[PDB]
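Asker: Need a 3D model of the sequence below.
(3 chains, ligands or ions: 8)
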Amino acid sequence: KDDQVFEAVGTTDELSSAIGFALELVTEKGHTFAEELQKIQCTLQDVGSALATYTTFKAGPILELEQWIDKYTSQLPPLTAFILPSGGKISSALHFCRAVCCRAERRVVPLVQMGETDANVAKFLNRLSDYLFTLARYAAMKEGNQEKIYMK
Amino acid sequence: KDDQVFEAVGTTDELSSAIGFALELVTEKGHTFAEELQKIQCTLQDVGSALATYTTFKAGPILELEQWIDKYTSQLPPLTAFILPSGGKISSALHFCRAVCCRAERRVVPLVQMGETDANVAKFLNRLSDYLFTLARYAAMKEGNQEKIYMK
Amino acid sequence: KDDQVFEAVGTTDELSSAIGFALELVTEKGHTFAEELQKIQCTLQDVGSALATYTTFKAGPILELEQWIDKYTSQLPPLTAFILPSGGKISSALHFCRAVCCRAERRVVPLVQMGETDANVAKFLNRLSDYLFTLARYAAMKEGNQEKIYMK
Ligand code: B12
Ligand code: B12
Ligand code: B12
Ligand SMILES: C[C@H]1O[C@@H](n2cnc3c(N)ncnc32)[C@H](O)[C@@H]1O
Ligand SMILES: C[C@H]1O[C@@H](n2cnc3c(N)ncnc32)[C@H](O)[C@@H]1O
Ligand SMILES: C[C@H]1O[C@@H](n2cnc3c(N)ncnc32)[C@H](O)[C@@H]1O
Ligand SMILES: [K+]
Ligand SMILES: [K+]
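Answerer: Residues are numbered from 1 along each chain as shown, chains lettered A, B, ... in the order given. Ligands and ions are numbered 1, 2, ... in the order given. I have put the structure below:
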């Protein structure tokens, strides 16, 4: 069980660090959501502390992510298909963050199952992966980059 | 077995997203193989669908990768030694993609062993890791960056 | 046991490749520690060879990392708190490298436990994660970027 905790906190750290690099690309251009990614890094620090102690993890950050998801989704065109992860430098970095966030979620789920950590931790990471997907699309749109949809 | 499928599709996604970021660095310079990386992202979407359904996975993309590997290898100097992963921004990003692709292959192999997915999926990822290695060397060469070989 | 070796050598490779990309960002600016990261890539090649053969792994590189850690730590302000992984492009890329290095260490530890590889390999990766943390802080400081500390 302690192996699983080290894996979970390590991959949360890998996620926060990948977001840190994406944040650098954002502040360099004229994007205003850098502060949202920085706030997420603070919550990921609290996630790491919660995994390592089970402990309480409030649902406040989950509802905040849901609010941001709604805000960006309502500015995007309809989408009912997978997109190629691309869309510009910021968008592609956010899709990498998104995939790492899904990997962190996979490491947290067993801990939730064994009752070792709050289920809200896994739900936060689940919403974060949707936030990162939506934010990538938003950045690509704001940069005038076309959303690429493969079907065959 | 369902844990293994989520791990395999997640790491395929992580691979396609890392390639998306490398693709951004490519289109920014005067490199012409951006369309090859984009085609690979489409096949990786088909890989994800095949892992998630076992299902048929044609060998067409494998032979196409083998053709591209031959095309680039025949323009490179001889190499019988490990290189330091570097060679410029594009080349170093492709070596990271290459390592992630090997990790995706490690997640797919157990599914092939249990008969749960087509062996052609693992062979595609195996050839992709050779393609990404060769493409990194090619990008480094086209940029005039020296191939670094450590021996001691 | 052979699955574990492939996982360990693959994640060492992923680490060296991530360092290669960080190295590209370093040489682009006026930072002088590019040669230290390149030397680390050479040792990581030797780590891969040691994991794959158990085999001897000298402690020379460990003491060299400890010397470099001391050199940079003695130029930094005191820190008794977690920082948000950021600090500029180079610093944030090094924090990602740091997290990947911790993941490589997690893959090496079981091999050390089963007596299959030298414990010095795990200690090298442990010191490398401290080196990458310290180097990130140093790069951020040299760039005039403020160290971000979240508490709440
Ligand atoms: C396996 C799977 C994945 C895998 C592999 C996907 C792939 N490359 O094939 C991975 C982990 C990579 C993945 C990622 C995502 N997924 Co997914 N995935 C699935 C799944 C389970 C099967 C997909 C499949 O194999 N389809 C077979 C192929 C041949 O179908 P297709 O012709 O491409 O048609 C698909 C699309 O039209 C898709 N679709 C329909 N509406 C929408 C809307 C959006 C925004 C997207 C992206 C897709 C989508 O549904 C069809 C049927 O699968 C479906 C649920 C299901 N059982 O169908 C969810 C599903 C398509 N995924 C979903 C989501 C949310 C996503 C992500 C945005 C998650 C995230 N935050 O990272 C990403 C998007 C990735 C991208 N580049 O666009 C949703 C989409 C609807 C929605 N918005 O609620 C679904 C329907 C699951 C659900 N929530 O109910 N997914
Ligand atoms: C463990 C291993 C790895 C590990 C660790 C490697 C390391 N850092 O030590 C990892 C997973 C990182 C790795 C990666 C790769 N590997 Co490898 N690896 C091996 C292996 C199994 C042992 C290597 C070893 O420990 N040698 C001990 C050290 C001390 O030997 P050395 O003095 O450095 O001499 C080696 C090189 O000269 C090498 N070599 C000979 N010809 C060539 C050609 C090329 C292009 C390269 C890169 C190396 C190479 O062979 C010698 C003996 O190992 C060998 C097969 C074997 N049993 O020897 C394959 C081998 C060297 N790998 C091979 C390949 C293809 C690669 C990759 C290109 C795979 C990919 N697409 O990612 C990368 C290259 C990475 C890089 N930066 O250059 C091939 C090279 C020949 C070829 N082209 O067919 C081999 C021979 C396997 C095979 N296919 O038969 N590998
Ligand atoms: C779980 C854990 C992690 C997890 C999650 C951390 C998190 N986000 O909560 C992960 C794997 C991400 C992590 C990473 C690191 N960790 Co850690 N970690 C721990 C641990 C075991 C518990 C942390 C915790 O949950 N605290 C609960 C929260 C609420 O406490 P807090 O109010 O934030 O107060 C903490 C800080 O003040 C911290 N602290 C005190 N002095 C210093 C100095 C430094 C440089 C740092 C970064 C922190 C630090 O100690 C307090 C108590 O934990 C502690 C040891 C312990 N049992 O306390 C080590 C510890 C804090 N980690 C330590 C280190 C070295 C690090 C890394 C630099 C390792 C590396 N090279 O990557 C990184 C720093 C990451 C960053 N962004 O700053 C050291 C710090 C002291 C030192 N320099 O020796 C400790 C004390 C372990 C030890 N070596 O004895 N860590
Ligand atoms: C969109 C699809 O992605 C798969 N899915 C959901 N969460 C994860 C995760 N953390 N890692 C990988 N795959 C995941 C499910 O199959 C879902 O339906
Ligand atoms: C080049 C060497 O890399 C190792 N190898 C082959 N495929 C993978 C993979 N997916 N992940 C990690 N290591 C791998 C084998 O030992 C091979 O000989
Ligand atoms: C700083 C904290 O990080 C955790 N820790 C130590 N090494 C690793 C690793 N390789 N991967 C993940 N977490 C690790 C321990 O709990 C330590 O106290
Ligand atoms: K992993
Ligand atoms: K960049």
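
Asker: and whatever residue of chain A ends up closest to ligand 3, what element?
Answerer: Closest to ligand 3 within chain A is residue A:48: 3.0 Å, counting by C-beta to the nearest ligand atom. Every residue, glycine included, has its C-beta placed from N, CA and C. Mapping residue A:48 onto the secondary structure by DSSP states H and E places it in helix A:34-52.

Asker: Which strands or helices does that helix pack on?
Answerer: helix A:2-28, helix A:60-73, helix A:119-142 (3 or more C-beta pairs under 8 Å, 6 or more residues apart in numbering or on different chains; DSSP states H and E).

Asker: Give me the buried positions along that helix.
Answerer: A:34, A:36-48, A:50-51 (16 or more other C-beta atoms under 10 Å in any protein chain shown).

Asker: ok, the residue positioned nearest the centre of chain A to ligand 2 distance?
Answerer: The centre of chain A sits closest to residue A:128, judged by C-alpha atoms, centre = their mean, with a distance of 3.5 Å. Distance, residue A:128 to ligand 2, by C-beta to the nearest ligand atom, to the nearest Å: 31 Å.

Asker: Quick check: residues of chain A near chain B?
Answerer: Selection of chain A residues close to chain B by C-beta under 8 Å from any C-beta of the partner chain yields A:82, A:84-89, A:92-93, A:95-96, A:98-100, A:102-103, A:106, A:148, A:150, A:152.

Asker: which of those residues are close to ligand 6?
Answerer: For ligand 6, no contacts are drawn from these by C-beta under 6 Å from any ligand atom.

Asker: Need the three-state assignment for residue A:87.
Answerer: Here residue A:87 is recorded as coil under DSSP: H, G, I helix; E, B strand; the rest coil.

Asker: nearest residue to it other than its sequence neighbours?
Answerer: In space, and not counting its chain neighbours, residue A:87 is closest to residue A:140: 2.9 Å by C-beta to C-beta, 6 or more residues apart in numbering or on different chains.

Asker: follow-up on the earlier one: turn the helices and strands packed on helix A:34-52 into JSON lines, columns for distance to residue B:12.
Answerer: Converted to JSON lines, these look like this (distance: least, C-beta to C-beta, whole Å):
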{"stretch": "helix A:2-28", "distance to residue B:12": "17"}
{"stretch": "helix A:60-73", "distance to residue B:12": "24"}
{"stretch": "helix A:119-142", "distance to residue B:12": "15"}
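
Asker: quick revisit: which of the residues of chain A next to chain B fall in helices?
Answerer: Among these, the ones falling in helices (DSSP state H) are A:89, A:92, A:93, A:95, A:96, A:98, A:99, A:100, A:102, A:103, A:106.

Asker: quick one: which of those residues is nearest ligand 4?
Answerer: Proximity of these to ligand 4 (C-beta to the nearest ligand atom) peaks at residue A:102, which lies at 3.6 Å.

Asker: where's that closest one relative to residue A:133, distance?
Answerer: For residue A:102, the distance to residue A:133 equals 10 Å [C-beta to C-beta, to the nearest Å].

Asker: cool, residue A:79 as well?
Answerer: Applying C-beta to C-beta, the value for residue A:79 to residue A:133 is 10 Å.

Asker: got the contact list for the residue nearest to the centre of chain A?
Answerer: By C-beta atoms under 8 Å, 6 or more residues apart in numbering or on different chains, residue A:128 lies in contact with A:40, A:65, A:101.

Asker: Residue numbers of chain A in contact with ligand 6?
Answerer: Neighbours of ligand 6 within chain A, by C-beta under 6 Å from any ligand atom: A:6, A:9, A:10.
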